[PDB]
Amino acid sequence: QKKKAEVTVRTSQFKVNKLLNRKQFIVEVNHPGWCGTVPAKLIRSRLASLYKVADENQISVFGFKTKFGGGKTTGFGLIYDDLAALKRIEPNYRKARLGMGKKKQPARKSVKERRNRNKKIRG
Amino acid sequence: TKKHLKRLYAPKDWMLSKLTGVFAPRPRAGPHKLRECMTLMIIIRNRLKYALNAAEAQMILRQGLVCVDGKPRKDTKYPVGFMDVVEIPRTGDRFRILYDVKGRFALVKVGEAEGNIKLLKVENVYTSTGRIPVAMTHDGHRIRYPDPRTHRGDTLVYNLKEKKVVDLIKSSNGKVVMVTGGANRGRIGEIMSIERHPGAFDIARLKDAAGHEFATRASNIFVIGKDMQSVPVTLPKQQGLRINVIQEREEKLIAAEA
Amino acid sequence: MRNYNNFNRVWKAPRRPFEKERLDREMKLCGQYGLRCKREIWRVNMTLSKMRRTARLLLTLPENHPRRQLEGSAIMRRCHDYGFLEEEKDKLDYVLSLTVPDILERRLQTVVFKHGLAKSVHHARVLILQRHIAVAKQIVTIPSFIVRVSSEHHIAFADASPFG
RNA sequence: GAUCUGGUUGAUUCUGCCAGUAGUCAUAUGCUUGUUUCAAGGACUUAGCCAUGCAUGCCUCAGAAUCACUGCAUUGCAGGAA
RNA sequence: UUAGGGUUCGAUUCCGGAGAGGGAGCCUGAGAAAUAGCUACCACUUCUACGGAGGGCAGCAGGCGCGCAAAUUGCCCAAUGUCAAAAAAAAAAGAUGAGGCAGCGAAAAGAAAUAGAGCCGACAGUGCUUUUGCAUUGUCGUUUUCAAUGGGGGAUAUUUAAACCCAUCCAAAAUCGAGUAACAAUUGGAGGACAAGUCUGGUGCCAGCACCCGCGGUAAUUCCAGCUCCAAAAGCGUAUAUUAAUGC
């Protein structure tokens, strides 16, 4: 109306981890005039253009911390090399935000109960 | 038999926090003692930051990508004490752990041919079977066939490229020497004198460069070299000289104005 | 179990609360500077007593003592900050001339008013808590925020403000 | 903050306790509360008795597979119960 | 808790020791006199077509009992550790009431809402004054008026293992909302000690108040009610113990 709100994404300290073939980058966000919190979709796009990644698949981010007063956010994210490396190395929950995770295991309690009854049987 | 350790009862030279978690890792027994060691997982995670979580440290080590003593390890928990060279060939970096001034574990970065050098202090000598002499060290290494001039509490330069022992260095006379434990850690100086008290601990008086003498136990002496210009291995971040409290605070402020 | 987080009191009630002398010198503050309740007057008292304890202990010591040297500079340094004392002060007797008002005076509530950004202390307490003030660029909605001598000259308004 | 305020007498000065007074991650209890941040929590009275469920199991590339077990294969392979 | 010297507490997160209904004996193992291992006795206690067979919560929840007195038969192995033949993943993610998370939680502890401003009228004080009058400061008040914001509602969303709490927001093209601001603060006090009534009604040595001194016999500053004012304040009384007060 009087403005156009934008989302600005930057980064501060960057790593190259060749052991896991990932990048570890402390994100910063600014987002002047943006309404509420920044959805992670946007951030992934900005990071793509920044590090010259052709994907928002390889970009997988977790956690965001909203500082008091005004639009501000900081966070941390991970880029991986290949898409196979991502799926393999990364925790389940992080993946499943992209929708690359695994189906949930059956309830812990029913497992216990059955795992006990298997000790009884001889075959 | 203890198989659990709590964060507070664990060293805070590993720089754990009061909050976050309840347990700390108790390492498998090895070259070094519980207090003087630092476990693999601590290093990789909290310092180097190639891992953000416990499970990630298993991922790296079990697989193998990490060597200490030039040997590859599939061990998740292993001690790393003092004068140990660790090499991650993927990065291509060679760390040599030491004692930094102010009681901190130093991680110092070395030329590649220095990372084949190692120094082990001798504890006992004894003759074993077949008349085969043995020096047993503070890392538990057995040096077969040591020189006939070897004594307790002397250093043996130790090639890790192929295992043997070249010329020794003694604790005799004034020589460049550094401290292990006792909270004079990483402080370097000449031996001024070696006091004797038989049946009890033998005091030694050290004099570091730019004076300021002091006393530490014989047991805590670890030799470095013949002289300060004959040293075989690198020094940590500070040279082995401590400074007064006032000067610490002063310098902290001066840099913070940038 | 297994909680390793500290608790401490920051405020305490002076002995004999029905002294009509004390009552005078309470209301005089709490009305004037717009303070919520007496709890605030006490909160500053504690922290001031604390400071004054170590300063007394240092002053006792002979010259060229480590306690005197190190910790003397620190006490002085942090009263240069916040503008409690100026940079012509060094004695550690100046530090013992600090009293309750000089603390309260540098709270955000009063500093806002005094800099010309409100019409009363009561009015400046609202201006804080309606999220329409800043202390350089950082929005602070606490009236008990003690303002640096440097940063009481950069107060401005919030960037969320319809008054800014 | 290194604090002495009421109570014996017709009035006074003492000795002297009693009562007042401020704390307690110290517990109970009455009455009352619009939010946030941080937490102790069946120790005290019986280491008294217990319904019900759960609380140390574990295998890779590397100790043993003819499940008459499942797929791919067709006298060959991979998963793989206990 | 104490200026100092001290005084008092320690069942309880960390370290050390001991115990697993009460006792004793034993096997295996590198390590045990183990008790969600075994054997026996004793006190209890559960099944049985009564021939026999079992049970040990001072492990987590939960139940009974007990006493002045104390939480859910919740969710998760994501984190932190441990055990293992074990990295992850490959069709293909070991276990854990250890531990984490949430529920309940005015023990204790930190921050902070319940209003803020301009016009008019009344009152008090100070200065000047022709005593008419003016200026300044503060308070109270009307169907006085003006803005702004949280509690709360919602989300383009975000936090988290998943979901909340916090935070950020009411469009970026497009998303809520106060005026008696009914979104209305209480608990103890006003004779003395001890901050606050020369009050008004009722009671009349009764009813009751009172830690203590003392009030009440129709003239109550203390009782029983109302108004008024005071202290602390989202906390405030009461009981008991303990410390200061104590050079008792």
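Basis: the model, the stated rules and, where named, an outside source; nothing here is a laboratory result. As a convention, Cβ positions derive from the backbone with ideal geometry for all residues, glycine included, and neighbour counts pool all protein chains shown.
What number of residues within the range C:39-84 are farther than 21 Å from C:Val149 by Cα and hydrophobic (A, V, I, L, M, F, W, C)?
The number of residues fulfilling the criteria is 9.
Suppose we keep only residues that are more than 8 Å from RNA strand D (Cβ to nearest atom) and of a type outside the set (D, E, K, R) within the range C:5-20. Which one would you say is farthest from the other protein chains (Cβ to nearest Cβ)?
Among those residues, the one meeting the criterion is C:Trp11.
Give the range B:15-34 a look and list any residue that's over 21 Å from B:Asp69 (Cβ atoms) and either away from RNA strand D (no atom under 16 Å from the Cβ) or within 20 Å of the chain's Cα centre (by Cα) (or both), or say none.
B:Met15, B:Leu16, B:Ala24, B:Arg26
Being out of contact with any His (no Cβ under 6 Å at 6 or more places or on another chain) and more than 14 Å from chain C (Cβ to nearest Cβ) narrows it down to one of B:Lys18, B:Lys12, B:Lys74, so name that one.
Details: B:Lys18 fails: more than 14 Å from chain C (Cβ to nearest Cβ); B:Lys12 fails: more than 14 Å from chain C (Cβ to nearest Cβ).
Residue meeting the stated conditions: B:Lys74.
What's the number of the condition C:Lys28 fails, among (1) crowded, with 16+ Cβ neighbours inside 10 Å; (2) farther than 30 Å from B:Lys252 by Cα?
(1)
Kindly establish whether B:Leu156 is out of contact with any helix residue (DSSP H, G or I) (no Cβ under 6 Å at 6 or more places or on another chain), in the same structural domain as B:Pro72 (by CATH) and either closer than 26 Å to B:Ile191 by Cα or surrounded by 12 or more Cβ atoms within 10 Å (Cβ to Cβ) (or both).
Values: out of contact with any helix residue (DSSP H, G or I) (no Cβ under 6 Å at 6 or more places or on another chain): yes; in the same structural domain as B:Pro72 (by CATH): no; either closer than 26 Å to B:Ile191 by Cα or surrounded by 12 or more Cβ atoms within 10 Å (Cβ to Cβ) (or both): yes.
In short, no.
Kindly indicate whether any position in the range B:44-54 is within 14 Å of chain A (Cβ to nearest Cβ) and in contact (Cβ under 8 Å) with a residue 60 or more places away in the chain.
So far as the range B:44-54 goes, yes, one or more of its residues are within 14 Å of chain A (Cβ to nearest Cβ) and in contact (Cβ under 8 Å) with a residue 60 or more places away in the chain.
Among the residues of the range B:220-252 satisfying the criterion of being surrounded by fewer than 11 Cβ atoms within 10 Å (Cβ to Cβ) and assigned to a helix (DSSP H, G or I), which is farthest from the other protein chains (Cβ to nearest Cβ)? Break it down into steps so the answer makes sense when it comes.
From the range B:220-252, those surrounded by fewer than 11 Cβ atoms within 10 Å (Cβ to Cβ) are B:229, B:247, B:252; that's our starting set.
Among the residues that remain, those that are also assigned to a helix (DSSP H, G or I) are: B:247, B:252.
Details: B:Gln247: 10, B:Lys252: 12 Å.
Going through the qualifying residues, I end up with B:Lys252.
Does C:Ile142 count as within 14 Å of chain A (Cβ to nearest Cβ) and surrounded by fewer than 16 Cβ atoms within 10 Å (Cβ to Cβ)?
Taking the combined requirement at face value, the residue satisfies it.
Exactly one condition in (1) within 11 Å of RNA strand E (Cβ to nearest atom); (2) touching a residue at least 40 places away in the same chain (Cβ under 8 Å) is false for C:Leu96; which is it?
All conditions are met except number (1).
When the residues of the range C:114-139 are narrowed to those that are free of Cβ contacts under 8 Å to residues at least 60 places away in the same chain, in contact with a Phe, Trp or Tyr (Cβ under 9 Å, 6 or more places away or on another chain) and crowded, with 18+ Cβ neighbours inside 10 Å, which ends up farthest from the other protein chains (Cβ to nearest Cβ)?
My answer is C:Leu117.
May I ask you to verify whether B:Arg205 is part of a loop (DSSP other than H, G, I, E, B), basic (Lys, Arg) and in contact with an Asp or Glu (Cβ under 8 Å, 6 or more places away or on another chain)?
No; evaluated as a whole, the condition is false for this residue.
Which numbered condition in (1) of a type outside the set (S, T, N, Q); (2) within 14 Å of RNA strand E (Cβ to nearest atom); (3) farther than 30 Å from A:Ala85 by Cβ is the only one that B:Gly81 fails?
That leaves (2) as the condition not met.
Test B:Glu114 against the stated conditions and say whether it is within 14 Å of chain A (Cβ to nearest Cβ), touching a residue at least 24 places away in the same chain (Cβ under 8 Å) and within 20 Å of the chain's Cα centre (by Cα).
no
Could you check the range A:1-49 and list, in sequence order, the residues that are charged (D, E, K, R) and either closer than 15 Å to A:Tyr80 by Cα or within 16 Å of RNA strand D (Cβ to nearest atom) (or both)?
Hits for the range A:1-49 are A:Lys15, A:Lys18, A:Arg22, A:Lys23, A:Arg44.
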